[PDB]
Amino acid sequence: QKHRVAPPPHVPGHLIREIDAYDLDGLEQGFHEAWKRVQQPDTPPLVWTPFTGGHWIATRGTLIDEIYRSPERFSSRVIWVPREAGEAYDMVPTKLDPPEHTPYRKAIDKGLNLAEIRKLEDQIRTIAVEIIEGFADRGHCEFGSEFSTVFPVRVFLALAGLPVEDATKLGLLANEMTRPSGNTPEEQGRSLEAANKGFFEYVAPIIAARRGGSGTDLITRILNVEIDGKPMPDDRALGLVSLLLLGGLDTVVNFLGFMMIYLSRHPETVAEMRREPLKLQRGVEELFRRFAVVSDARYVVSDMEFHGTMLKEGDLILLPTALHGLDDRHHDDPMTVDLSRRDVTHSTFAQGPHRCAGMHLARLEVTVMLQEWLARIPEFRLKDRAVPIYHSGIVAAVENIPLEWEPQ
Ligand code: HEM
Ligand SMILES: CC1(C)[C@H]2CC(=O)[C@]1(C)C[C@H]2O
(Lines give C-alpha, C1' and ligand atoms only; values in the text may rest on other atoms or scores of the structure.)
(Ligands and ions follow the chains in the order given, each with its own letter.)
Protein backbone atom coordinates (compact mmCIF):
# COMPACT_ATOMS: atom_id res chain seq x y z
CA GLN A 1 0.00 0.00 0.00
CA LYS A 2 1.44 3.33 -1.17
CA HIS A 3 1.44 6.41 1.07
CA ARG A 4 0.54 9.62 -0.78
CA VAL A 5 0.65 13.21 0.37
CA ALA A 6 -1.42 15.94 -1.37
CA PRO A 7 0.50 18.44 -3.51
CA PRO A 8 0.90 21.98 -2.08
CA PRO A 9 -0.84 24.87 -3.92
CA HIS A 10 2.31 25.88 -5.86
CA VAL A 11 2.80 22.48 -7.51
CA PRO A 12 0.88 22.25 -10.81
CA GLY A 13 -0.68 18.91 -11.76
CA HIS A 14 1.28 18.74 -15.00
CA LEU A 15 4.54 18.40 -13.03
CA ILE A 16 3.32 15.57 -10.83
CA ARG A 17 4.98 12.18 -11.38
CA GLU A 18 4.48 9.14 -9.17
CA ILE A 19 8.10 8.23 -8.40
CA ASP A 20 9.07 6.20 -5.31
CA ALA A 21 12.78 6.69 -4.57
CA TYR A 22 12.73 3.80 -2.09
CA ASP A 23 11.14 1.32 -4.54
CA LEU A 24 11.51 2.62 -8.11
CA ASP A 25 9.21 1.39 -10.88
CA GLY A 26 11.27 -1.06 -12.94
CA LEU A 27 13.80 -1.61 -10.14
CA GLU A 28 13.93 -5.37 -10.80
CA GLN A 29 15.83 -4.65 -14.04
CA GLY A 30 18.40 -2.50 -12.28
CA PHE A 31 18.73 0.64 -10.19
CA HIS A 32 20.30 2.70 -12.98
CA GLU A 33 17.83 1.38 -15.53
CA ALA A 34 14.95 2.27 -13.20
CA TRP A 35 16.14 5.84 -12.68
CA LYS A 36 16.70 6.07 -16.44
CA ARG A 37 12.96 5.41 -16.95
CA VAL A 38 12.21 8.70 -15.17
CA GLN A 39 14.41 10.61 -17.62
CA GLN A 40 12.29 10.49 -20.81
CA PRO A 41 13.03 12.88 -23.73
CA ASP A 42 10.34 15.42 -22.79
CA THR A 43 10.03 15.15 -19.03
CA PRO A 44 10.23 18.44 -17.09
CA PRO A 45 13.58 19.26 -15.48
CA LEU A 46 11.80 19.30 -12.12
CA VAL A 47 8.93 16.93 -11.21
CA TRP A 48 7.07 16.42 -7.96
CA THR A 49 6.10 13.09 -6.39
CA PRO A 50 3.44 12.56 -3.70
CA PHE A 51 5.45 9.60 -2.35
CA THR A 52 8.05 9.70 0.44
CA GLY A 53 6.39 12.70 2.08
CA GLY A 54 6.20 14.72 -1.14
CA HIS A 55 9.28 16.22 -2.76
CA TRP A 56 10.76 17.41 -6.03
CA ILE A 57 13.10 15.39 -8.22
CA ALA A 58 15.68 16.98 -10.54
CA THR A 59 15.63 14.95 -13.73
CA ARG A 60 18.57 16.34 -15.68
CA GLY A 61 22.31 16.55 -15.08
CA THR A 62 22.82 20.30 -15.23
CA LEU A 63 20.16 20.90 -12.56
CA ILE A 64 21.77 18.32 -10.29
CA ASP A 65 25.23 19.86 -10.82
CA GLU A 66 23.92 23.41 -10.37
CA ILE A 67 21.92 22.64 -7.22
CA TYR A 68 24.93 20.95 -5.58
CA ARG A 69 27.07 24.00 -6.41
CA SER A 70 24.61 26.52 -4.98
CA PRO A 71 24.36 26.12 -1.18
CA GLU A 72 23.12 29.73 -0.77
CA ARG A 73 19.96 28.76 -2.67
CA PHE A 74 19.87 25.04 -1.86
CA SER A 75 20.76 24.33 1.74
CA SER A 76 22.07 21.15 3.34
CA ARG A 77 19.89 21.65 6.41
CA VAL A 78 17.82 18.75 5.03
CA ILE A 79 19.45 16.31 2.59
CA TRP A 80 17.30 13.20 3.07
CA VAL A 81 13.77 12.27 2.09
CA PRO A 82 11.30 11.88 3.62
CA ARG A 83 11.54 15.20 5.49
CA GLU A 84 11.17 13.40 8.86
CA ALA A 85 14.29 11.36 8.22
CA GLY A 86 16.10 14.43 6.90
CA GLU A 87 15.25 16.29 10.09
CA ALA A 88 16.43 13.40 12.27
CA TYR A 89 19.67 13.04 10.27
CA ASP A 90 22.66 14.14 12.35
CA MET A 91 25.93 13.75 10.45
CA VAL A 92 28.74 16.31 10.24
CA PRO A 93 29.56 18.19 8.14
CA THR A 94 26.92 17.07 5.61
CA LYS A 95 24.20 18.92 7.56
CA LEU A 96 26.21 22.16 7.45
CA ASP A 97 26.40 24.98 4.89
CA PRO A 98 29.45 27.27 4.57
CA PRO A 99 30.92 28.91 6.52
CA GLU A 100 30.07 26.44 9.34
CA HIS A 101 30.85 23.52 7.05
CA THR A 102 34.33 24.78 6.20
CA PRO A 103 36.51 24.04 9.23
CA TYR A 104 34.97 20.57 9.56
CA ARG A 105 35.71 19.74 5.92
CA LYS A 106 39.26 20.99 6.55
CA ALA A 107 39.59 18.58 9.45
CA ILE A 108 38.31 15.70 7.34
CA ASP A 109 40.65 16.61 4.50
CA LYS A 110 43.62 16.29 6.89
CA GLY A 111 42.84 12.58 6.95
CA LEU A 112 41.36 11.92 3.52
CA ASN A 113 43.37 14.13 1.15
CA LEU A 114 44.98 12.53 -1.89
CA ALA A 115 48.53 12.48 -0.49
CA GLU A 116 47.34 10.69 2.66
CA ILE A 117 45.31 8.22 0.58
CA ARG A 118 48.27 7.39 -1.64
CA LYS A 119 50.09 6.04 1.42
CA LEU A 120 47.30 3.49 1.83
CA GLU A 121 47.69 1.79 -1.54
CA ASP A 122 49.68 -1.23 -0.41
CA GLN A 123 47.48 -1.99 2.65
CA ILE A 124 44.47 -1.82 0.36
CA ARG A 125 46.17 -4.05 -2.19
CA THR A 126 47.16 -6.59 0.46
CA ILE A 127 43.55 -6.78 1.64
CA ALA A 128 42.24 -7.20 -1.91
CA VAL A 129 44.78 -9.93 -2.73
CA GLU A 130 44.01 -11.92 0.40
CA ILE A 131 40.29 -11.96 -0.32
CA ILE A 132 40.66 -12.74 -4.02
CA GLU A 133 43.11 -15.59 -3.43
CA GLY A 134 40.48 -17.23 -1.21
CA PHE A 135 38.27 -18.00 -4.21
CA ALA A 136 40.32 -17.34 -7.37
CA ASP A 137 41.12 -21.03 -7.92
CA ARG A 138 37.56 -22.13 -7.20
CA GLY A 139 36.08 -20.85 -10.47
CA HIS A 140 33.06 -19.23 -8.85
CA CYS A 141 31.99 -16.92 -6.07
CA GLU A 142 29.02 -14.93 -4.89
CA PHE A 143 30.64 -11.54 -5.51
CA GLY A 144 28.44 -9.60 -3.10
CA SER A 145 28.88 -11.62 0.06
CA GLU A 146 32.40 -12.88 -0.74
CA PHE A 147 33.96 -9.65 -2.03
CA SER A 148 32.07 -6.36 -2.41
CA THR A 149 30.69 -6.43 1.16
CA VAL A 150 34.09 -7.59 2.46
CA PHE A 151 36.91 -5.66 0.75
CA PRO A 152 35.96 -1.99 1.39
CA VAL A 153 34.78 -2.79 4.91
CA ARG A 154 38.11 -4.35 5.95
CA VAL A 155 39.95 -1.49 4.27
CA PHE A 156 38.03 1.14 6.16
CA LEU A 157 37.97 -0.58 9.56
CA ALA A 158 41.73 -1.09 9.36
CA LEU A 159 42.21 2.52 8.34
CA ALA A 160 39.88 3.64 11.14
CA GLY A 161 41.64 1.43 13.71
CA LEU A 162 38.46 -0.51 14.55
CA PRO A 163 37.79 -4.25 15.08
CA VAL A 164 36.67 -6.09 11.95
CA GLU A 165 34.11 -7.95 14.10
CA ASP A 166 32.13 -4.68 14.28
CA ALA A 167 31.44 -4.85 10.53
CA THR A 168 28.08 -6.56 10.95
CA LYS A 169 26.50 -4.16 13.46
CA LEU A 170 27.84 -1.17 11.53
CA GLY A 171 26.49 -2.48 8.22
CA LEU A 172 23.07 -2.86 9.81
CA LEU A 173 23.12 0.72 11.10
CA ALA A 174 24.21 1.87 7.65
CA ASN A 175 21.29 0.07 5.97
CA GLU A 176 18.71 1.84 8.14
CA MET A 177 20.41 5.20 7.49
CA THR A 178 20.44 4.99 3.68
CA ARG A 179 17.54 2.60 3.10
CA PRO A 180 15.37 3.14 6.22
CA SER A 181 12.57 0.63 6.84
CA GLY A 182 8.95 1.74 6.76
CA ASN A 183 6.06 2.34 4.37
CA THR A 184 5.27 5.76 5.77
CA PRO A 185 7.29 9.00 6.15
CA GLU A 186 7.00 8.80 9.97
CA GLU A 187 8.07 5.13 10.01
CA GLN A 188 11.10 5.95 7.91
CA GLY A 189 11.81 8.95 10.12
CA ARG A 190 11.83 6.66 13.14
CA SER A 191 14.03 4.03 11.45
CA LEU A 192 16.61 6.69 10.56
CA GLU A 193 16.49 8.20 14.05
CA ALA A 194 17.21 4.84 15.71
CA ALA A 195 20.01 4.10 13.24
CA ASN A 196 21.64 7.52 13.74
CA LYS A 197 21.40 6.99 17.51
CA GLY A 198 23.09 3.59 17.16
CA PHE A 199 25.98 5.25 15.34
CA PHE A 200 26.35 7.89 18.07
CA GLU A 201 26.28 5.22 20.77
CA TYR A 202 28.99 3.22 19.00
CA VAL A 203 31.07 6.29 18.29
CA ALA A 204 30.95 8.09 21.67
CA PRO A 205 33.43 5.90 23.60
CA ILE A 206 35.85 5.88 20.66
CA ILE A 207 35.85 9.67 20.60
CA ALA A 208 36.41 9.88 24.36
CA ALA A 209 39.38 7.53 24.13
CA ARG A 210 41.10 9.07 21.11
CA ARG A 211 40.84 12.75 22.02
CA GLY A 212 44.44 13.84 22.44
CA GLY A 213 45.36 10.30 21.45
CA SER A 214 48.64 9.08 19.97
CA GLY A 215 47.01 6.67 17.52
CA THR A 216 47.83 7.02 13.84
CA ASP A 217 44.36 5.95 12.75
CA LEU A 218 41.99 8.08 10.65
CA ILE A 219 39.72 8.84 13.59
CA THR A 220 42.45 10.13 15.90
CA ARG A 221 43.98 12.16 13.07
CA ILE A 222 40.74 13.92 12.12
CA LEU A 223 39.29 14.19 15.66
CA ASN A 224 42.27 16.20 16.89
CA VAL A 225 42.17 18.90 14.23
CA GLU A 226 41.27 22.15 15.98
CA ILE A 227 38.05 23.97 15.11
CA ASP A 228 38.49 27.74 15.50
CA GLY A 229 41.45 27.25 17.83
CA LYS A 230 39.62 24.80 20.09
CA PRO A 231 38.89 21.09 20.44
CA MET A 232 35.98 19.94 18.26
CA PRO A 233 32.82 19.94 20.45
CA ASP A 234 31.17 16.61 21.37
CA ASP A 235 27.98 17.17 19.37
CA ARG A 236 29.95 17.80 16.16
CA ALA A 237 32.44 14.99 16.80
CA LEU A 238 29.69 12.37 17.15
CA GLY A 239 28.21 13.44 13.80
CA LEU A 240 31.66 13.59 12.21
CA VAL A 241 32.94 10.14 13.17
CA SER A 242 29.54 8.56 12.40
CA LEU A 243 29.67 10.07 8.91
CA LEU A 244 33.15 8.68 8.25
CA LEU A 245 31.92 5.20 9.13
CA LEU A 246 28.80 5.67 7.03
CA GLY A 247 30.70 6.80 3.94
CA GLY A 248 33.48 4.26 4.40
CA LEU A 249 31.15 1.28 4.78
CA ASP A 250 28.12 1.83 2.54
CA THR A 251 29.32 3.47 -0.64
CA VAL A 252 32.12 1.55 -2.35
CA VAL A 253 30.45 -1.71 -1.25
CA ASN A 254 27.45 -0.92 -3.35
CA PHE A 255 29.30 0.76 -6.23
CA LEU A 256 31.44 -2.37 -6.72
CA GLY A 257 28.41 -4.63 -7.09
CA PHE A 258 26.84 -2.54 -9.87
CA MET A 259 30.17 -2.19 -11.63
CA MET A 260 30.95 -5.90 -11.50
CA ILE A 261 27.56 -6.93 -12.83
CA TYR A 262 28.18 -4.73 -15.86
CA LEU A 263 31.73 -6.02 -16.32
CA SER A 264 30.59 -9.63 -16.07
CA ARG A 265 28.26 -8.92 -19.00
CA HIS A 266 30.87 -7.06 -21.08
CA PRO A 267 33.93 -9.29 -21.62
CA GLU A 268 35.25 -7.05 -24.44
CA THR A 269 35.46 -4.19 -21.95
CA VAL A 270 37.24 -6.42 -19.40
CA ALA A 271 39.60 -7.59 -22.13
CA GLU A 272 40.53 -3.98 -22.88
CA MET A 273 41.39 -3.36 -19.22
CA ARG A 274 43.46 -6.53 -19.19
CA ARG A 275 45.46 -5.68 -22.33
CA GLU A 276 45.94 -1.96 -21.56
CA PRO A 277 46.67 -1.44 -17.84
CA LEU A 278 46.72 2.33 -18.45
CA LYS A 279 43.22 2.11 -19.99
CA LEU A 280 42.16 0.57 -16.68
CA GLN A 281 43.78 3.27 -14.54
CA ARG A 282 42.58 6.17 -16.67
CA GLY A 283 39.20 4.48 -17.10
CA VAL A 284 38.16 4.34 -13.46
CA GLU A 285 36.44 7.75 -13.58
CA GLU A 286 34.25 6.49 -16.42
CA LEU A 287 33.15 3.73 -14.05
CA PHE A 288 32.18 6.36 -11.50
CA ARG A 289 30.20 8.22 -14.18
CA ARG A 290 28.35 5.03 -15.07
CA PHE A 291 27.59 3.56 -11.61
CA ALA A 292 26.30 6.37 -9.38
CA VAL A 293 24.65 5.13 -6.16
CA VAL A 294 23.62 8.23 -4.21
CA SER A 295 20.29 10.02 -4.41
CA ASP A 296 20.02 12.73 -1.75
CA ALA A 297 18.48 16.15 -1.41
CA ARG A 298 18.75 19.86 -0.75
CA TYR A 299 16.40 22.26 1.06
CA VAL A 300 15.09 25.25 -0.91
CA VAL A 301 16.26 28.38 0.95
CA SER A 302 13.89 30.98 -0.52
CA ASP A 303 10.76 31.18 -2.66
CA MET A 304 12.19 31.23 -6.18
CA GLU A 305 11.73 30.30 -9.81
CA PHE A 306 14.31 27.74 -10.95
CA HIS A 307 14.47 26.31 -14.49
CA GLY A 308 11.02 27.71 -15.14
CA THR A 309 9.47 26.06 -12.08
CA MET A 310 8.12 27.77 -8.97
CA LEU A 311 9.67 26.53 -5.75
CA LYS A 312 8.73 27.36 -2.17
CA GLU A 313 11.07 27.87 0.76
CA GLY A 314 11.35 24.52 2.54
CA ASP A 315 10.71 22.41 -0.57
CA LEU A 316 13.04 19.40 -0.82
CA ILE A 317 14.68 18.51 -4.12
CA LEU A 318 16.00 14.99 -4.57
CA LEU A 319 19.14 14.69 -6.69
CA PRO A 320 19.44 11.22 -8.26
CA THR A 321 23.12 11.45 -9.16
CA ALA A 322 22.65 8.67 -11.69
CA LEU A 323 20.69 11.16 -13.79
CA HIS A 324 23.78 13.31 -14.30
CA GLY A 325 26.34 10.68 -15.37
CA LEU A 326 23.68 8.84 -17.42
CA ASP A 327 22.05 11.97 -18.89
CA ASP A 328 22.01 11.39 -22.65
CA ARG A 329 22.23 15.18 -22.94
CA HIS A 330 25.63 15.11 -21.24
CA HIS A 331 27.01 11.86 -22.68
CA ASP A 332 26.35 10.03 -25.96
CA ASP A 333 25.41 6.35 -25.32
CA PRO A 334 25.47 6.98 -21.56
CA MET A 335 24.78 3.35 -20.59
CA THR A 336 27.92 2.08 -22.26
CA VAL A 337 31.22 2.11 -20.46
CA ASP A 338 33.73 3.59 -22.87
CA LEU A 339 37.15 3.58 -21.25
CA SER A 340 38.40 6.18 -23.78
CA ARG A 341 35.52 8.62 -23.14
CA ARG A 342 37.14 12.10 -22.94
CA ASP A 343 34.25 13.80 -21.13
CA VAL A 344 33.29 11.73 -18.08
CA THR A 345 31.67 14.56 -16.10
CA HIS A 346 29.23 13.34 -13.46
CA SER A 347 27.86 14.08 -9.98
CA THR A 348 28.55 10.64 -8.55
CA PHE A 349 30.62 12.44 -5.91
CA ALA A 350 28.21 15.43 -6.06
CA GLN A 351 29.59 18.98 -6.50
CA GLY A 352 30.27 22.11 -4.50
CA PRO A 353 31.58 22.35 -0.93
CA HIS A 354 30.29 18.87 -0.04
CA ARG A 355 31.92 17.09 -3.02
CA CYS A 356 32.88 13.68 -1.67
CA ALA A 357 35.69 13.86 0.85
CA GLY A 358 36.35 10.16 0.32
CA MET A 359 36.68 10.25 -3.47
CA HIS A 360 40.45 9.68 -3.54
CA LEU A 361 39.98 6.65 -1.27
CA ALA A 362 37.09 5.40 -3.42
CA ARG A 363 39.07 5.77 -6.64
CA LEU A 364 42.09 3.97 -5.18
CA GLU A 365 39.99 1.12 -3.79
CA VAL A 366 38.34 0.52 -7.15
CA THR A 367 41.60 0.87 -9.10
CA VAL A 368 43.37 -1.61 -6.83
CA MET A 369 40.40 -3.99 -6.80
CA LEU A 370 40.30 -4.16 -10.61
CA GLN A 371 44.06 -4.59 -10.86
CA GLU A 372 44.21 -7.47 -8.41
CA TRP A 373 40.98 -9.06 -9.67
CA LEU A 374 42.06 -9.08 -13.34
CA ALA A 375 45.53 -10.36 -12.43
CA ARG A 376 44.00 -13.48 -10.84
CA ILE A 377 40.60 -13.82 -12.54
CA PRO A 378 41.20 -12.35 -16.04
CA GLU A 379 37.87 -13.57 -17.50
CA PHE A 380 34.50 -14.11 -15.82
CA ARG A 381 30.77 -14.05 -16.45
CA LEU A 382 27.53 -13.73 -14.54
CA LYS A 383 26.06 -17.18 -13.84
CA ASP A 384 23.50 -18.32 -16.43
CA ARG A 385 20.00 -16.92 -15.68
CA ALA A 386 21.12 -15.36 -12.38
CA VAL A 387 18.97 -12.43 -11.21
CA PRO A 388 20.61 -9.80 -8.98
CA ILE A 389 18.26 -8.27 -6.38
CA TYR A 390 18.18 -4.48 -6.37
CA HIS A 391 17.45 -1.87 -3.68
CA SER A 392 16.86 1.85 -4.22
CA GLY A 393 16.98 4.61 -1.63
CA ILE A 394 19.38 7.34 -0.58
CA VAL A 395 22.15 4.87 -1.44
CA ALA A 396 21.46 2.08 -3.95
CA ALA A 397 22.31 -1.53 -3.12
CA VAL A 398 22.49 -4.83 -4.98
CA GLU A 399 22.96 -8.43 -3.93
CA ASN A 400 23.15 -11.90 -5.51
CA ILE A 401 26.03 -11.64 -7.98
CA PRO A 402 27.17 -15.21 -8.76
CA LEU A 403 30.26 -15.10 -10.96
CA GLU A 404 31.84 -17.97 -12.82
CA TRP A 405 35.10 -18.53 -14.63
CA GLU A 406 37.60 -21.13 -15.71
CA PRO A 407 40.59 -21.04 -13.27
CA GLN A 408 43.76 -19.72 -14.98
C1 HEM B 1 31.54 4.85 -4.45
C2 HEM B 1 32.04 5.64 -3.48
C3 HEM B 1 31.40 6.95 -2.96
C4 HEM B 1 30.38 7.69 -3.45
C5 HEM B 1 29.57 7.45 -4.74
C6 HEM B 1 30.18 8.81 -2.54
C7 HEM B 1 29.25 9.83 -2.68
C8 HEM B 1 29.20 10.99 -1.93
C9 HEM B 1 28.32 12.11 -2.18
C10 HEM B 1 27.28 12.18 -3.32
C11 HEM B 1 28.57 13.04 -1.25
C12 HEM B 1 27.88 14.41 -1.05
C13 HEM B 1 26.69 14.24 -0.10
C14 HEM B 1 25.97 15.55 0.05
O15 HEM B 1 26.56 16.50 0.63
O16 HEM B 1 24.80 15.69 -0.40
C17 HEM B 1 29.61 12.54 -0.37
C18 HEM B 1 30.13 13.22 0.70
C19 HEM B 1 31.01 12.71 1.62
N20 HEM B 1 31.64 11.48 1.52
FE21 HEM B 1 31.54 10.17 -0.12
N22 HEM B 1 31.08 8.70 -1.50
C23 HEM B 1 31.84 7.57 -1.72
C24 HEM B 1 32.86 7.12 -0.92
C25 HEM B 1 33.25 7.67 0.27
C26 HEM B 1 34.21 7.12 1.19
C27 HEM B 1 34.98 5.79 1.02
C28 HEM B 1 34.30 7.93 2.25
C29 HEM B 1 35.24 7.67 3.45
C30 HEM B 1 34.97 8.17 4.66
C31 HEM B 1 33.41 9.05 2.01
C32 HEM B 1 33.22 10.13 2.83
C33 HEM B 1 32.46 11.25 2.61
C34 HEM B 1 32.38 12.39 3.50
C35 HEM B 1 33.12 12.59 4.84
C36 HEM B 1 31.42 13.37 2.84
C37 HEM B 1 30.98 14.75 3.38
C38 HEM B 1 31.90 15.85 2.85
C39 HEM B 1 31.36 17.22 3.19
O40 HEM B 1 30.19 17.34 3.63
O41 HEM B 1 32.13 18.21 3.00
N42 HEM B 1 32.79 8.85 0.80
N43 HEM B 1 29.98 11.29 -0.82
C1 LIG C 1 25.25 10.32 1.08
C2 LIG C 1 26.53 9.73 1.58
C3 LIG C 1 26.96 8.68 0.60
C4 LIG C 1 27.47 10.68 1.83
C5 LIG C 1 26.80 11.61 2.86
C6 LIG C 1 26.06 10.45 3.58
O7 LIG C 1 25.36 10.52 4.58
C8 LIG C 1 26.39 9.24 2.80
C9 LIG C 1 25.33 8.11 2.92
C10 LIG C 1 27.81 8.82 3.22
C11 LIG C 1 28.55 10.02 2.55
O12 LIG C 1 29.55 9.61 1.76
Side-chain angles (χ1 to χ4, degrees), residues 21 32 35-36 38-39 45-46 55-81 86 89 91-109 112-114 117 178 243-244 246-247 250-252 254-255 284-302 304 306-307 309 311 315-331 334 341-364 366 394-396:
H32 299 92
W35 269 120
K36 277 295 271 185
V38 170
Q39 189 178 71
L46 249 5
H55 61 88
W56 293 97
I57 298 177
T59 71
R60 286 294 169 176
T62 112
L63 275 84
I64 289 160
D65 173 81
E66 187 180 2
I67 285 172
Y68 271 134
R69 290 174 187 268
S70 319
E72 284 187 70
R73 294 177 304 158
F74 306 100
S75 171
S76 280
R77 64 181 279 182
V78 181
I79 63 152
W80 239 244
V81 290
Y89 180 94
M91 299 287 176
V92 171
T94 40
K95 72 179 182 171
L96 300 174
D97 300 315
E100 293 80 28
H101 165 266
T102 309
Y104 287 94
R105 177 53 182 259
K106 296 269 199 65
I108 293 179
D109 284 345
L112 290 184
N113 66 70
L114 170 64
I117 296 309
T178 64
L243 178 59
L244 292 176
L246 187 56
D250 196 58
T251 57
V252 182
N254 298 306
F255 176 85
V284 170
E285 203 63 16
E286 162 77 342
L287 301 177
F288 283 107
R289 179 199 64 83
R290 174 62 176 80
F291 309 105
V293 293
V294 176
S295 310
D296 64 6
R298 288 295 185 272
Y299 175 106
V300 172
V301 169
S302 290
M304 70 189 306
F306 187 66
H307 289 257
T309 125
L311 302 178
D315 282 358
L316 304 186
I317 307 177
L318 186 75
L319 308 171
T321 61
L323 295 185
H324 183 182
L326 308 182
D327 196 333
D328 46 295
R329 291 167 192 185
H330 282 262
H331 302 291
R341 192 184 292 276
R342 223 303 159 189
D343 182 353
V344 291
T345 52
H346 61 77
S347 293
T348 293
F349 295 128
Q351 312 285 344
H354 296 276
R355 197 167 66 111
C356 177
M359 72 182 178
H360 311 300
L361 177 53
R363 287 165 176 163
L364 182 61
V366 168
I394 304 297
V395 181

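Starting from 1, each residue takes its place in the sequence as its number.
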**OP:** Could you walk me through whether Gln351 and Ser347 pass side chain to side chain donor-acceptor pair (under 3.5 Å), step by step?
**Re:** CA-CA 6 Å; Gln351 312 285 344; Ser347 293; 3.2 Å; yes

Original post:
For the atom pair OG (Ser295) and CG (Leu319), what is the distance rounded to the nearest 0.5 Å?
Top reply: 8.5 Å

Original post:
Should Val81 and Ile394 be marked as a side chain to side chain contact (heavy atoms under 4.5 Å, CB included) after you check the CA-CA gap, both sets of side-chain angles, and the distance that decides it?
Top reply: CA-CA 8 Å; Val81 290; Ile394 304 297; 4.1 Å; yes

**OP:** To the nearest 0.5 angstrom, please state how far the CD1 atom of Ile108 sits from the OG1 atom of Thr94.
**Re:** 8.0 Å

Original post:
Excluding sequence neighbours, so at least two apart, what forms ring-ring contact (aromatic ring centres under 6.0 Å, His included) with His360?
Top reply: none

Original post:
Is there side-chain contact between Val300 and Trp56, with heavy atoms separated by less than 4.5 Å?
Top reply: no

Original post:
Can you find a pair of side-chain heavy atoms, one from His101 and one from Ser76, that are under 4.5 Å apart?
Top reply: no

**OP:** Evaluate the side-chain proximity of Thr348 to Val294: yes if any heavy-atom separation is below 4.5 Å, no if none is.
**Re:** no

Original post:
For the side chain of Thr102 and the backbone of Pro98, is there at least one donor-acceptor N/O pair under 3.5 Å apart?
Top reply: no

Original post:
CG of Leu96 to CZ of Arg105: how many Å apart, nearest 0.5 Å?
Top reply: 12.5 Å

**OP:** Looking only at non-hydrogen atoms, find the nearest pair between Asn113 and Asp109 and report the distance.
**Re:** ND2-O, 2.7 Å

Original post:
Does the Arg355 side chain pair with the main chain of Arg69, one donor and one acceptor, at a distance under 3.5 Å?
Top reply: no

**OP:** Evaluate the side-chain proximity of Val301 to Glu72: yes if any heavy-atom separation is below 4.5 Å, no if none is.
**Re:** no

Subject >> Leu46 to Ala58 - nearest heavy-atom pair and separation >> reply: CD1-CA, 3.6 Å

Subject >> Euclidean distance, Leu323 CG relative to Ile57 CD1, rounded to 0.5 Å >> reply: 9.0 Å

Subject >> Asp328/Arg60 ion pair, N-O < 4.0 Å >> reply: yes

Original post:
Are the side chains of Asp296 and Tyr68 in touch, meaning some heavy atoms are under 4.5 Å apart?
Top reply: yes

**OP:** Describe, in one word, how the ring planes of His330 and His324 are oriented to each other, choosing from parallel (under 30°), tilted (30 to 60°) and perpendicular (over 60°).
**Re:** perpendicular

Subject >> Heavy-atom closest pair, residues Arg363 and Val284 >> reply: O-CG1, 4.2 Å

Subject >> Rounded distance [0.5 Å steps], NZ in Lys95 versus CD1 in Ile79 >> reply: 11.0 Å

Original post:
With sequence neighbours excluded, what pairs up with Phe74 under the ring-ring contact (aromatic ring centres under 6.0 Å, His included) test?
Top reply: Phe306

Original post:
With a cut-off of 6.0 Å (strictly less than), are more than 12 heavy atoms of other residues, nucleotides or ligands near CZ of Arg341?
Top reply: yes

Original post:
Hey, does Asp315 have a side-chain heavy atom less than 4.5 Å from the side chain of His55?
Top reply: no

Original post:
When the ring planes of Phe288 and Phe255 are compared, do they come out parallel, tilted or perpendicular, using 30° and 60° as the limits?
Top reply: parallel

**OP:** Take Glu286 and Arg289 through the test salt bridge (charged side-chain N to carboxylate O under 4.0 Å, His left out) and record every step on the way to the result.
**Re:** CA-CA 5 Å; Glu286 162 77 342; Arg289 179 199 64 83; 2.6 Å; yes

Original post:
What pair of heavy atoms forms the shortest contact from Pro93 to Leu243, and how long is it?
Top reply: CD-CD2, 3.8 Å

**OP:** List the atom of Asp97, the atom of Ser75, and the distance in Å for their closest heavy-atom pair.
**Re:** OD2-OG, 2.6 Å

Subject >> 4.5 Å side-chain heavy-atom contact, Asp65 and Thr345 >> reply: no

**OP:** For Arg329 and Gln39, run side chain to side chain contact (heavy atoms under 4.5 Å, CB included): C-alpha distance rounded to whole Å, both residues' side-chain angles, the deciding distance at 0.1 Å, then the answer.
**Re:** CA-CA 11 Å; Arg329 291 167 192 185; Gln39 189 178 71; over 6 Å; no

Original post:
Can you tell me how far CG of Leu246 sits from CG of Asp250, rounded to the nearest 0.5 angstrom?
Top reply: 6.5 Å

Original post:
If we only count heavy atoms from C-beta on, is the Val344 to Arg290 side-chain gap below 4.5 Å?
Top reply: no

Subject >> Nearest heavy atoms of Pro334 and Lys36, plus distance in Å >> reply: CG-NZ, 3.8 Å

Original post:
Do any N or O atoms from the side chain of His346 and from the backbone of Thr321 form a donor-acceptor pair under 3.5 angstrom?
Top reply: no

